[PDB]
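Beneath this line is the structure, given in structure tokens, with notes to follow.
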Amino acid sequence: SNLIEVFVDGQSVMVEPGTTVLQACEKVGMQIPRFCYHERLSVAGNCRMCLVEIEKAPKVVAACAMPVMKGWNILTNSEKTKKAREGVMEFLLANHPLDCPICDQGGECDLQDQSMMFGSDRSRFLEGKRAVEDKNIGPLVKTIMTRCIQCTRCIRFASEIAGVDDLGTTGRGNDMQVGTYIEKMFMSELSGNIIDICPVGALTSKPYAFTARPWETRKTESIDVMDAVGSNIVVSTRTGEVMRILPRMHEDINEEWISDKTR
Amino acid sequence: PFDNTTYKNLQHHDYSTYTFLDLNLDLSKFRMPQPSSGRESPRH
Amino acid sequence: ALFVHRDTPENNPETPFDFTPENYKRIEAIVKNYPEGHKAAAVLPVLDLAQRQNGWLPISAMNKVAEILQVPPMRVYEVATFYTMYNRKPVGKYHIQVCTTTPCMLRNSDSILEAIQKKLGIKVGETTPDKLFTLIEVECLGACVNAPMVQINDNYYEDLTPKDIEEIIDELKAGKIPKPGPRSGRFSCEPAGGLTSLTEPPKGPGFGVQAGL
Amino acid sequence: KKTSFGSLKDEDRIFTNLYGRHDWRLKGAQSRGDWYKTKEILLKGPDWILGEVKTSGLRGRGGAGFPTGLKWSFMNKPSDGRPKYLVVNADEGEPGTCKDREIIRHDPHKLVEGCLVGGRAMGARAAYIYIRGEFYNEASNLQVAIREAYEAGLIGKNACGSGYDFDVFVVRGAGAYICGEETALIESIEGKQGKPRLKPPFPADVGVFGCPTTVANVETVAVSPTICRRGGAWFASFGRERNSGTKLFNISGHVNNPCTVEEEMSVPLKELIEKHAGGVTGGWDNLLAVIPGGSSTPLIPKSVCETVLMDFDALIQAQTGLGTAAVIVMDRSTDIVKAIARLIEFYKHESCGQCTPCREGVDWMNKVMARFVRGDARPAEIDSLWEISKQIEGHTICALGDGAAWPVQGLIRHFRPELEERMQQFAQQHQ
Ligand SMILES: Cc1cc2nc3c(=O)[nH]c(=O)nc-3n(C[C@H](O)[C@H](O)[C@H](O)COP(=O)(O)O)c2cc1C
Ligand code: SF4
Ligand code: SF4
Ligand code: SF4
Ligand code: FES
Ligand code: FES
Ligand SMILES: [K+]
């Protein structure tokens, strides 16, 4: 009854009021590019990778945050949308370090993959890059903060999901730095999940460091026995060896998180 | 009598470190009771 | 210009700081300016108050404001690092702030900057050995028509020449408090050479009021 | 109908204490017409007050120029349980702009009275005034005026004997140009970093403390009481169509007499410089370019300054904007590339860092422009720099990203030969 009508590339779709442009695209099987947006975190709207053209609107909107209005035609593949993605990806990679061979994220990196699928194929940045100092937040999460793209997923997860207010940004402008400011360890029981939600290799697992690459792991979907919650997990193995433990999405149990002990 | 020739904004030459917050403290008696959201903070 | 903190003997969480009994009454008035249930709105005015009492913000000063307002310390650290008027290192008794943005740069704020360095012997960003002065460049201070200008603590000194700023430093060295405002021949923002407007006597109450109140 | 605008008479000037030659406190302000029949204005209702602002043709004086009456009527709805607020934008951060400062320190009681009248039109319970922290002495003047209004029953309980309750609060910034942005201002009042919010929601629905809110500039708020007393039709008799009223101007840079002056909208830019600022340093023929409405607006060359009018529509057609109407004059001895590069450096220092195109793009344009100053670039980089600025513009959360792209585009548009020439000089010096 309350459902309004919108269009994705001219295809009609019925959505509830308050649905975002990103969620309307989800219905027809389109996945808008993203970095800051996470469906289990509060909306941020800062990476600007989800910019999409609305037909007849001169300005692209941030799909992750903009609520759809009745009758909108979202153009997910327009020349305007495609140029917005290339421009934003260009800004993301301008100061990003050439770390992929030594970066544990390589091969399962959303920055690599969305650069392949939505960015340009070359650079025109001719300057020196930003370099940021690293920060210790305990024995579980290694931080290479030069790789951070300031998506603020970790900050939002810690505040909303883990209920811990230690992470935040300091400074402003290009020198805005995600961290704790003071020397502090982020030692929650849910801390290890910030590795998963960080789209880049800025936050990675210290125990897992350097040991494998994503393509070569075999994925075994199993269950955790560290407690009685029954968290669903993926056991990554390679050549007969357990390499790491990853969450497996189950809406009715662990959603997409696992405890540190489980991890 | 009219006089357009002098600067009549000279008081601030004698303002101090706590001038502004002293005024804010004297103003506190005239304020209306503040509205309440119903809880001590967003974290309650 | 570093936005991470490392504890040091003079800047660490145990560094003694607390508001004076008088400054706790000022804090109470600051907090009451905002709706109940949103006391976090007082972070900026209370950190600034601690800076006025102490001269700069040690990590213990940030930790104290966080406690009093029941806010996470990180959220106080974010405000201290974000806003440029907060001093996270000690500065001299007089914090000289020269504007170098284009409107001031066009009126030769370079000469003003050069004069201060020559007189004090320091560079931009440095503090004199006696810890009396600190020198920095800043962005537009909203006194563009009175350029070149500087701000020393809470006072604007405007329409400066190299001689004018040199005198101001001399007056400060002697403990004196120079008069703020333009050092040229005018009082505030009016045209030099006589007013080109507002030369009639202002019309009093009721002038030009439409009928029907 | 009128055809030529300018020569504003002293009887039609609103900020009649602009230069501070009269007592700025309550006694002086009341004697000049402030706080007169405010009770009568309040009792006429919000619909009547909003009608006078709509007819006056008033447009935002903070830089964006949205029709003020239409914008203020967004808050003309019933309460849904939350308080309603007016936030007065006294951040006054745009380089070249210093008009809002004179109102606060010399005409404080017009701002306080404008808060009450404007606050009534919106049904707001109080006004928070956000003044930049560097304006300590002007903030102190404003507090003194507010105390005088409280002690005379003009604001507070039963304001002006009207039955309306209104508080005026002054909150000081802490050094950030971005906090002049309307949603970044709200986030700062709430105690966070001055980082703009996305829209929607709009401030008139979810604003300061998550309550309906309107952000208005000091000059916009400080002329409403006079618009109500003298009628919006009188205000609409100035300037062109859709450019109504009087406007404060800051002329700085390379003029004989830099100054702040009130003048009619649509006054020719040449007349404004010559009459009030004493002409361009070295004669009009020494003019090189003008940044007509603050550092955010594109520059325009002398060939466009000859006839251009100073209003929203005239400057838009000159490929710029009125902005805050802060005129920066650059004579023929200016290094134009360096002057614009210093503006990009300012925007680099002022970006909040929240969103990618500005956090990364503005810094990128700063590095390119630093090389352009020395000539240490190739001509092909000029078109790259243009394209980079177009990727920032229209893709950011707030307008600071746009405001950094426009001055770059203004330079490349009108001074590409100077850019290419300098690169060719650098190349020959190092061959
Ligand atoms: C970076 C930036 C800085 C701004 N600074 C100011 C300012 O200092 N004063 C102001 O009135 N508006 C400023 N604005 C414009 C405000 O966002 C907003 O448009 C204005 O306050 C609305 O009031 P008005 O309709 O009366 O003009 C700024 C905008 C941006 C993007
Ligand atoms: S985060 Fe991704 S793009 Fe960046 S270095 Fe690591 S693998 Fe490469
Ligand atoms: S560390 Fe990772 S999750 Fe956190 S802001 Fe940076 S890129 Fe985002
Ligand atoms: S455009 Fe710049 S100032 Fe505005 S929100 Fe984005 S990063 Fe912050
Ligand atoms: S996914 Fe929308 S701005 Fe980041
Ligand atoms: S440019 Fe220096 S005060 Fe504005
Ligand atoms: K990761």
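Ordering of the structure tokens sets the chain letters (A, B, ...); residue numbers start at 1 within each chain; ligands are numbered from 1 in the order shown.
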
### Message
Could you list, as a VMD selection string, all protein and nucleic acid residues with an atom at most 12 Å from ligand 7, counting only C-alpha atoms and all ligand atoms?
### Response
chain A and resid 103 to 111 141 to 145 147 to 149 153 to 154 192 to 206 208 to 209 246

Write the selection just made, keeping N, CA and C atoms, as a short mmCIF file (atom, residue, chain, number, x, y, z; two decimals), in the first residue's frame?
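Result file result13.cif:
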```cif
data_model
loop_
_atom_site.label_atom_id
_atom_site.label_comp_id
_atom_site.auth_asym_id
_atom_site.auth_seq_id
_atom_site.Cartn_x
_atom_site.Cartn_y
_atom_site.Cartn_z
N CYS A 103 51.01 -6.13 0.58
CA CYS A 103 49.78 -5.86 1.32
C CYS A 103 48.98 -7.15 1.44
N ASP A 104 48.54 -7.46 2.65
CA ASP A 104 47.78 -8.69 2.85
C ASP A 104 46.41 -8.63 2.21
N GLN A 105 45.91 -7.43 1.90
CA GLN A 105 44.60 -7.33 1.27
C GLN A 105 44.62 -7.75 -0.19
N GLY A 106 45.78 -7.71 -0.84
CA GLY A 106 45.86 -7.97 -2.27
C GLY A 106 45.17 -9.25 -2.69
N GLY A 107 44.33 -9.17 -3.71
CA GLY A 107 43.56 -10.29 -4.19
C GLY A 107 42.15 -10.36 -3.66
N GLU A 108 41.90 -9.78 -2.49
CA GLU A 108 40.56 -9.62 -1.94
C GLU A 108 40.38 -8.20 -1.43
N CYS A 109 40.76 -7.24 -2.25
CA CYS A 109 40.71 -5.83 -1.90
C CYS A 109 39.60 -5.15 -2.69
N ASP A 110 38.71 -4.46 -1.99
CA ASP A 110 37.64 -3.74 -2.67
C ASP A 110 38.17 -2.53 -3.42
N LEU A 111 39.31 -1.98 -2.99
CA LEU A 111 39.92 -0.89 -3.74
C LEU A 111 40.52 -1.39 -5.05
N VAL A 141 45.27 -6.67 15.65
CA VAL A 141 45.06 -5.89 14.44
C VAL A 141 46.33 -5.10 14.16
N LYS A 142 46.99 -5.41 13.05
CA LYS A 142 48.11 -4.61 12.58
C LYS A 142 47.57 -3.44 11.76
N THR A 143 48.18 -2.27 11.94
CA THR A 143 47.74 -1.06 11.27
C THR A 143 48.84 -0.56 10.36
N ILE A 144 48.53 -0.44 9.07
CA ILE A 144 49.37 0.25 8.11
C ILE A 144 48.57 1.44 7.62
N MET A 145 48.59 2.53 8.37
CA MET A 145 47.62 3.60 8.19
C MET A 145 47.87 4.45 6.95
N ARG A 147 47.65 3.16 4.17
CA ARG A 147 46.68 2.56 3.26
C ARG A 147 45.25 2.99 3.55
N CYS A 148 45.00 3.63 4.69
CA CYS A 148 43.65 4.05 5.05
C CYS A 148 43.10 5.03 4.03
N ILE A 149 41.83 4.84 3.66
CA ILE A 149 41.13 5.74 2.76
C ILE A 149 40.07 6.55 3.50
N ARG A 153 34.61 3.29 8.49
CA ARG A 153 33.89 2.09 8.88
C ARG A 153 34.32 1.62 10.26
N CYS A 154 35.63 1.61 10.52
CA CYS A 154 36.14 1.13 11.80
C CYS A 154 35.62 1.99 12.94
N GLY A 192 38.32 -7.94 16.39
CA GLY A 192 38.86 -8.48 15.16
C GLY A 192 37.98 -8.22 13.95
N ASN A 193 36.72 -7.86 14.16
CA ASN A 193 35.82 -7.63 13.04
C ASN A 193 36.18 -6.39 12.25
N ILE A 194 36.93 -5.45 12.84
CA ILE A 194 37.31 -4.27 12.08
C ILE A 194 38.25 -4.63 10.94
N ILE A 195 38.93 -5.77 11.03
CA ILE A 195 39.74 -6.24 9.91
C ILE A 195 38.85 -6.53 8.71
N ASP A 196 37.72 -7.20 8.94
CA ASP A 196 36.84 -7.56 7.84
C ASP A 196 36.20 -6.34 7.21
N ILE A 197 35.71 -5.39 8.01
CA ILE A 197 34.98 -4.27 7.45
C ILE A 197 35.90 -3.20 6.86
N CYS A 198 37.17 -3.19 7.22
CA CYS A 198 38.08 -2.24 6.60
C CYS A 198 38.28 -2.65 5.15
N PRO A 199 37.92 -1.82 4.17
CA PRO A 199 37.99 -2.26 2.77
C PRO A 199 39.40 -2.41 2.25
N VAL A 200 40.39 -1.85 2.93
CA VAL A 200 41.76 -1.82 2.44
C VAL A 200 42.65 -2.56 3.43
N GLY A 201 43.95 -2.56 3.18
CA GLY A 201 44.89 -3.26 4.02
C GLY A 201 45.38 -2.42 5.18
N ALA A 202 44.66 -1.35 5.49
CA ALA A 202 45.03 -0.51 6.62
C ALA A 202 44.94 -1.28 7.93
N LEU A 203 43.89 -2.07 8.10
CA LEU A 203 43.73 -2.94 9.26
C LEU A 203 43.77 -4.39 8.78
N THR A 204 44.70 -5.17 9.32
CA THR A 204 44.85 -6.57 8.95
C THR A 204 45.18 -7.39 10.18
N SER A 205 45.07 -8.70 10.03
CA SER A 205 45.28 -9.63 11.13
C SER A 205 46.77 -9.88 11.34
N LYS A 206 47.26 -9.62 12.55
CA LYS A 206 48.65 -9.92 12.86
C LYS A 206 48.95 -11.41 12.78
N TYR A 208 47.64 -13.66 10.93
CA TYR A 208 47.53 -14.11 9.55
C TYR A 208 48.59 -13.49 8.65
N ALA A 209 49.35 -12.52 9.14
CA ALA A 209 50.13 -11.65 8.27
C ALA A 209 51.08 -12.43 7.39
N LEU A 246 37.04 -16.94 9.16
CA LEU A 246 36.30 -15.77 8.74
C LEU A 246 34.83 -15.91 9.12
#
```

### Query
Among range 35-160 of chain C, which ones does DSSP place in strand (DSSP E or B), written as a list in words?
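Strand (DSSP E or B) assignments inside range 35-160 of chain C correspond to residues 36, 94, 95, 96, 97, 98, 99, 127, 133, 134, 135, 136, 137, 138, 150, 151, 152, 155, 156, 157 and 158 of chain C.
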
### Query
Between A:117, A:131, A:98, A:167, which has the minimum distance to ligand 2 (counting only C-alpha atoms and all ligand atoms)?
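Using only C-alpha atoms and all ligand atoms, the shortest distance to ligand 2 belongs to A:98.
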
Please extract the residues at most 7 Å from ligand 1, counting only C-alpha atoms and all ligand atoms, and provide them as a CSV table (one decimal) with N, CA and C atoms, in the first residue's frame, using the chain letters and residue numbers of this document.
```csv
chain,number,residue,atom,x,y,z
D,59,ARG,N,17.6,38.2,-0.4
D,59,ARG,CA,18.2,36.9,-0.7
D,59,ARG,C,19.4,36.8,0.2
D,60,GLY,N,19.7,35.5,0.6
D,60,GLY,CA,20.8,35.3,1.5
D,60,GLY,C,22.0,36.0,1.3
D,61,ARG,N,22.6,36.6,2.3
D,61,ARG,CA,23.8,37.5,2.3
D,61,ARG,C,25.0,36.7,2.7
D,62,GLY,N,24.9,35.4,2.9
D,62,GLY,CA,26.1,34.6,3.3
D,62,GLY,C,26.9,34.1,2.2
D,63,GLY,N,26.4,34.1,0.9
D,63,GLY,CA,27.2,33.7,-0.2
D,63,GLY,C,26.4,32.9,-1.2
D,64,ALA,N,25.3,32.3,-0.8
D,64,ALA,CA,24.6,31.4,-1.8
D,64,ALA,C,23.4,32.2,-2.4
D,65,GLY,N,22.8,33.2,-1.7
D,65,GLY,CA,21.8,34.0,-2.3
D,65,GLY,C,20.5,33.3,-2.5
D,66,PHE,N,20.1,32.4,-1.6
D,66,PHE,CA,18.7,31.9,-1.7
D,66,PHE,C,17.7,32.9,-1.3
D,68,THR,N,15.3,34.7,0.7
D,68,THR,CA,15.2,34.6,2.2
D,68,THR,C,13.8,34.3,2.7
D,89,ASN,N,24.5,32.8,11.5
D,89,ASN,CA,25.8,32.5,11.0
D,89,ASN,C,26.7,33.7,11.0
D,90,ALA,N,27.4,33.9,12.1
D,90,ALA,CA,28.4,34.9,12.2
D,90,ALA,C,29.8,34.4,12.1
D,91,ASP,N,30.0,33.3,11.5
D,91,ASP,CA,31.4,32.7,11.3
D,91,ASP,C,32.3,33.6,10.6
D,92,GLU,N,31.8,34.2,9.5
D,92,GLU,CA,32.5,35.3,8.7
D,92,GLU,C,34.0,34.8,8.5
D,93,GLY,N,34.1,33.9,7.6
D,93,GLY,CA,35.4,33.3,7.3
D,93,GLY,C,35.9,33.4,5.9
D,94,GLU,N,35.0,33.7,5.0
D,94,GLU,CA,35.4,33.8,3.6
D,94,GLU,C,36.5,34.8,3.4
D,177,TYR,N,37.3,27.6,9.1
D,177,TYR,CA,36.5,28.3,8.1
D,177,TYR,C,35.3,27.4,7.7
D,178,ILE,N,35.5,26.1,7.7
D,178,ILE,CA,34.4,25.2,7.3
D,178,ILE,C,33.2,25.4,8.2
D,179,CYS,N,33.3,25.8,9.4
D,179,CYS,CA,32.2,25.9,10.3
D,179,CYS,C,31.3,27.0,9.9
D,180,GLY,N,31.6,27.8,8.9
D,180,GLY,CA,30.6,28.7,8.3
D,180,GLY,C,29.6,28.1,7.4
D,181,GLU,N,29.9,26.9,7.0
D,181,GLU,CA,28.9,26.1,6.2
D,181,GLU,C,27.8,25.7,7.1
D,182,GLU,N,26.5,25.8,6.6
D,182,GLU,CA,25.4,25.8,7.5
D,182,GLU,C,25.3,24.5,8.3
D,215,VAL,N,19.5,28.3,9.4
D,215,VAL,CA,20.7,29.0,9.5
D,215,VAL,C,20.7,30.3,8.5
D,216,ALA,N,20.9,31.4,9.1
D,216,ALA,CA,20.8,32.7,8.4
D,216,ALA,C,22.1,33.5,8.6
D,217,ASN,N,22.5,34.3,7.7
D,217,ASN,CA,23.6,35.1,7.8
D,217,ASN,C,23.3,36.3,8.7
D,218,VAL,N,24.4,37.0,9.2
D,218,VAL,CA,24.2,38.1,10.0
D,218,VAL,C,23.5,39.2,9.3
D,220,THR,N,21.6,39.1,6.6
D,220,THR,CA,20.3,38.7,6.3
D,220,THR,C,19.4,38.9,7.5
D,221,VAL,N,19.8,38.5,8.7
D,221,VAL,CA,19.0,38.6,9.9
D,221,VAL,C,18.9,40.0,10.4
D,398,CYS,N,29.8,19.3,0.7
D,398,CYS,CA,29.5,20.7,0.9
D,398,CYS,C,30.0,21.5,-0.3
D,399,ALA,N,29.8,22.8,-0.2
D,399,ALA,CA,30.2,23.7,-1.3
D,399,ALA,C,31.7,24.2,-1.2
D,400,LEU,N,32.4,23.9,-0.1
D,400,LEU,CA,33.8,24.2,-0.1
D,400,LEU,C,34.6,23.5,-1.2
```

### Task
For residue 44 in chain C, list every protein, DNA or RNA residue within 12 Å, evaluated using only C-alpha atoms, and leave out those in the same chain fewer than 3 positions away; present the list as a PyMOL selection string.
(chain C and resi 27+30-31+39-41+47-51+62+65-66+69+75-86) or (chain D and resi 130+132-133+171-175+187-194)

Those selected residues, please, written with C-alpha atoms and delivered as a PDB file, in the first residue's frame.
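Listing of out.pdb after writing:
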```
ATOM      1  CA  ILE C  27      31.249  25.974  33.253  1.00  0.00           C
ATOM      2  CA  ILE C  30      28.089  27.254  29.698  1.00  0.00           C
ATOM      3  CA  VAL C  31      26.329  23.919  30.163  1.00  0.00           C
ATOM      4  CA  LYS C  39      25.613  18.462  27.444  1.00  0.00           C
ATOM      5  CA  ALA C  40      28.187  17.423  24.836  1.00  0.00           C
ATOM      6  CA  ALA C  41      27.420  20.735  23.107  1.00  0.00           C
ATOM      7  CA  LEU C  47      38.065  23.270  26.240  1.00  0.00           C
ATOM      8  CA  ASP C  48      38.543  26.905  25.283  1.00  0.00           C
ATOM      9  CA  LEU C  49      37.945  27.820  28.921  1.00  0.00           C
ATOM     10  CA  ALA C  50      40.617  25.364  30.048  1.00  0.00           C
ATOM     11  CA  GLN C  51      42.996  26.915  27.524  1.00  0.00           C
ATOM     12  CA  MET C  62      41.328  17.097  27.610  1.00  0.00           C
ATOM     13  CA  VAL C  65      36.726  18.095  30.176  1.00  0.00           C
ATOM     14  CA  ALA C  66      35.695  14.638  28.987  1.00  0.00           C
ATOM     15  CA  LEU C  69      30.735  16.444  30.519  1.00  0.00           C
ATOM     16  CA  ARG C  75      35.521  12.682  21.202  1.00  0.00           C
ATOM     17  CA  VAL C  76      37.284  15.450  23.126  1.00  0.00           C
ATOM     18  CA  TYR C  77      40.565  14.584  21.404  1.00  0.00           C
ATOM     19  CA  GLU C  78      38.812  14.960  18.046  1.00  0.00           C
ATOM     20  CA  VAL C  79      37.699  18.511  18.840  1.00  0.00           C
ATOM     21  CA  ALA C  80      41.091  19.579  20.177  1.00  0.00           C
ATOM     22  CA  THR C  81      42.895  18.389  17.049  1.00  0.00           C
ATOM     23  CA  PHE C  82      40.254  19.629  14.596  1.00  0.00           C
ATOM     24  CA  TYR C  83      40.070  23.292  15.604  1.00  0.00           C
ATOM     25  CA  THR C  84      43.201  25.365  15.078  1.00  0.00           C
ATOM     26  CA  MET C  85      42.725  27.796  17.975  1.00  0.00           C
ATOM     27  CA  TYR C  86      43.421  24.996  20.478  1.00  0.00           C
TER      28      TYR C  86
ATOM     29  CA  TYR D 130      27.812  31.280  16.054  1.00  0.00           C
ATOM     30  CA  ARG D 132      34.143  32.767  15.000  1.00  0.00           C
ATOM     31  CA  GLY D 133      36.482  32.450  17.962  1.00  0.00           C
ATOM     32  CA  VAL D 171      28.521  30.412  20.987  1.00  0.00           C
ATOM     33  CA  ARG D 172      32.085  30.981  19.829  1.00  0.00           C
ATOM     34  CA  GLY D 173      33.966  28.997  17.219  1.00  0.00           C
ATOM     35  CA  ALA D 174      37.464  27.622  17.656  1.00  0.00           C
ATOM     36  CA  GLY D 175      39.170  28.394  14.358  1.00  0.00           C
ATOM     37  CA  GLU D 187      27.689  20.038  14.000  1.00  0.00           C
ATOM     38  CA  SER D 188      30.064  22.438  15.748  1.00  0.00           C
ATOM     39  CA  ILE D 189      27.385  23.818  18.081  1.00  0.00           C
ATOM     40  CA  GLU D 190      26.534  20.226  19.009  1.00  0.00           C
ATOM     41  CA  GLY D 191      30.145  19.714  20.101  1.00  0.00           C
ATOM     42  CA  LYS D 192      31.534  17.609  17.252  1.00  0.00           C
ATOM     43  CA  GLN D 193      34.039  18.327  14.518  1.00  0.00           C
ATOM     44  CA  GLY D 194      32.851  20.969  12.091  1.00  0.00           C
TER      45      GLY D 194
END
```

Between chain A and ligand 4, at 12 Å or less, what are the per-residue closest atom pairs and their distances in Å? Count only C-alpha atoms and all ligand atoms, order by chain and rising residue number, and return it as a tab-separated table.
```
residue	atom	partner	partner_atom_place_in_ligand_line	distance
A:44	CA	ligand 4	5 (S)	11.2
A:45	CA	ligand 4	5 (S)	9.7
A:46	CA	ligand 4	6 (Fe)	7.3
A:47	CA	ligand 4	6 (Fe)	9.3
A:48	CA	ligand 4	6 (Fe)	9.4
A:91	CA	ligand 4	7 (S)	12.0
A:150	CA	ligand 4	7 (S)	10.9
A:172	CA	ligand 4	8 (Fe)	8.5
A:173	CA	ligand 4	7 (S)	6.7
A:174	CA	ligand 4	7 (S)	8.7
A:175	CA	ligand 4	7 (S)	11.3
A:176	CA	ligand 4	7 (S)	10.0
```

Within 6 Å of chain C, which residues of chain D come that close, and what is the closest atom pair and distance in Å for each? Count only C-alpha atoms and give it as JSON lines.
```
{"residue": "D:10", "atom": "CA", "partner": "C:198", "partner_atom": "CA", "distance": 5.7}
{"residue": "D:19", "atom": "CA", "partner": "C:190", "partner_atom": "CA", "distance": 5.8}
{"residue": "D:31", "atom": "CA", "partner": "C:204", "partner_atom": "CA", "distance": 5.4}
{"residue": "D:32", "atom": "CA", "partner": "C:204", "partner_atom": "CA", "distance": 4.5}
{"residue": "D:33", "atom": "CA", "partner": "C:205", "partner_atom": "CA", "distance": 4.0}
{"residue": "D:95", "atom": "CA", "partner": "C:140", "partner_atom": "CA", "distance": 5.3}
{"residue": "D:96", "atom": "CA", "partner": "C:144", "partner_atom": "CA", "distance": 5.2}
{"residue": "D:98", "atom": "CA", "partner": "C:142", "partner_atom": "CA", "distance": 4.8}
{"residue": "D:136", "atom": "CA", "partner": "C:154", "partner_atom": "CA", "distance": 5.8}
{"residue": "D:174", "atom": "CA", "partner": "C:85", "partner_atom": "CA", "distance": 5.3}
{"residue": "D:175", "atom": "CA", "partner": "C:84", "partner_atom": "CA", "distance": 5.1}
{"residue": "D:176", "atom": "CA", "partner": "C:83", "partner_atom": "CA", "distance": 6.0}
{"residue": "D:189", "atom": "CA", "partner": "C:41", "partner_atom": "CA", "distance": 5.9}
{"residue": "D:190", "atom": "CA", "partner": "C:41", "partner_atom": "CA", "distance": 4.2}
{"residue": "D:191", "atom": "CA", "partner": "C:41", "partner_atom": "CA", "distance": 4.2}
{"residue": "D:193", "atom": "CA", "partner": "C:79", "partner_atom": "CA", "distance": 5.7}
{"residue": "D:229", "atom": "CA", "partner": "C:209", "partner_atom": "CA", "distance": 5.1}
{"residue": "D:230", "atom": "CA", "partner": "C:209", "partner_atom": "CA", "distance": 4.5}
{"residue": "D:231", "atom": "CA", "partner": "C:210", "partner_atom": "CA", "distance": 5.9}
{"residue": "D:252", "atom": "CA", "partner": "C:145", "partner_atom": "CA", "distance": 4.8}
{"residue": "D:253", "atom": "CA", "partner": "C:103", "partner_atom": "CA", "distance": 5.4}
{"residue": "D:257", "atom": "CA", "partner": "C:191", "partner_atom": "CA", "distance": 5.3}
{"residue": "D:258", "atom": "CA", "partner": "C:145", "partner_atom": "CA", "distance": 5.1}
{"residue": "D:259", "atom": "CA", "partner": "C:191", "partner_atom": "CA", "distance": 4.8}
{"residue": "D:260", "atom": "CA", "partner": "C:189", "partner_atom": "CA", "distance": 5.7}
{"residue": "D:276", "atom": "CA", "partner": "C:196", "partner_atom": "CA", "distance": 5.7}
{"residue": "D:339", "atom": "CA", "partner": "C:102", "partner_atom": "CA", "distance": 5.8}
```

### Summary
Between C:122, C:175, C:166, C:112, smallest distance to ligand 6 by only C-alpha atoms and all ligand atoms belongs to C:112

Could you build a table of the residues in chain B lying no more than 9 Å from chain C, giving for each the nearest pair of atoms and their separation in Å rounded to one decimal place, using only C-alpha atoms, ordered by chain and ascending residue number, as JSON lines?
```
{"residue": "B:2", "atom": "CA", "partner": "C:201", "partner_atom": "CA", "distance": 7.0}
{"residue": "B:3", "atom": "CA", "partner": "C:201", "partner_atom": "CA", "distance": 8.6}
{"residue": "B:4", "atom": "CA", "partner": "C:199", "partner_atom": "CA", "distance": 7.3}
{"residue": "B:6", "atom": "CA", "partner": "C:187", "partner_atom": "CA", "distance": 8.4}
{"residue": "B:7", "atom": "CA", "partner": "C:187", "partner_atom": "CA", "distance": 6.3}
{"residue": "B:12", "atom": "CA", "partner": "C:180", "partner_atom": "CA", "distance": 8.9}
{"residue": "B:13", "atom": "CA", "partner": "C:179", "partner_atom": "CA", "distance": 6.5}
{"residue": "B:16", "atom": "CA", "partner": "C:154", "partner_atom": "CA", "distance": 8.7}
{"residue": "B:17", "atom": "CA", "partner": "C:52", "partner_atom": "CA", "distance": 6.8}
{"residue": "B:18", "atom": "CA", "partner": "C:52", "partner_atom": "CA", "distance": 7.9}
{"residue": "B:21", "atom": "CA", "partner": "C:26", "partner_atom": "CA", "distance": 6.4}
{"residue": "B:22", "atom": "CA", "partner": "C:26", "partner_atom": "CA", "distance": 7.1}
{"residue": "B:24", "atom": "CA", "partner": "C:29", "partner_atom": "CA", "distance": 6.7}
{"residue": "B:25", "atom": "CA", "partner": "C:29", "partner_atom": "CA", "distance": 5.3}
{"residue": "B:26", "atom": "CA", "partner": "C:29", "partner_atom": "CA", "distance": 8.6}
{"residue": "B:27", "atom": "CA", "partner": "C:29", "partner_atom": "CA", "distance": 8.4}
{"residue": "B:28", "atom": "CA", "partner": "C:29", "partner_atom": "CA", "distance": 5.9}
{"residue": "B:31", "atom": "CA", "partner": "C:33", "partner_atom": "CA", "distance": 8.1}
{"residue": "B:33", "atom": "CA", "partner": "C:32", "partner_atom": "CA", "distance": 8.8}
{"residue": "B:34", "atom": "CA", "partner": "C:35", "partner_atom": "CA", "distance": 5.2}
{"residue": "B:35", "atom": "CA", "partner": "C:35", "partner_atom": "CA", "distance": 5.2}
{"residue": "B:36", "atom": "CA", "partner": "C:36", "partner_atom": "CA", "distance": 4.4}
{"residue": "B:37", "atom": "CA", "partner": "C:37", "partner_atom": "CA", "distance": 5.7}
{"residue": "B:38", "atom": "CA", "partner": "C:37", "partner_atom": "CA", "distance": 6.9}
{"residue": "B:39", "atom": "CA", "partner": "C:37", "partner_atom": "CA", "distance": 5.5}
{"residue": "B:40", "atom": "CA", "partner": "C:37", "partner_atom": "CA", "distance": 4.4}
{"residue": "B:41", "atom": "CA", "partner": "C:37", "partner_atom": "CA", "distance": 4.5}
{"residue": "B:42", "atom": "CA", "partner": "C:37", "partner_atom": "CA", "distance": 7.2}
```

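Minimum distance to chain B across D:128, D:202, D:5, D:169 (counting only C-alpha atoms) occurs at D:169.
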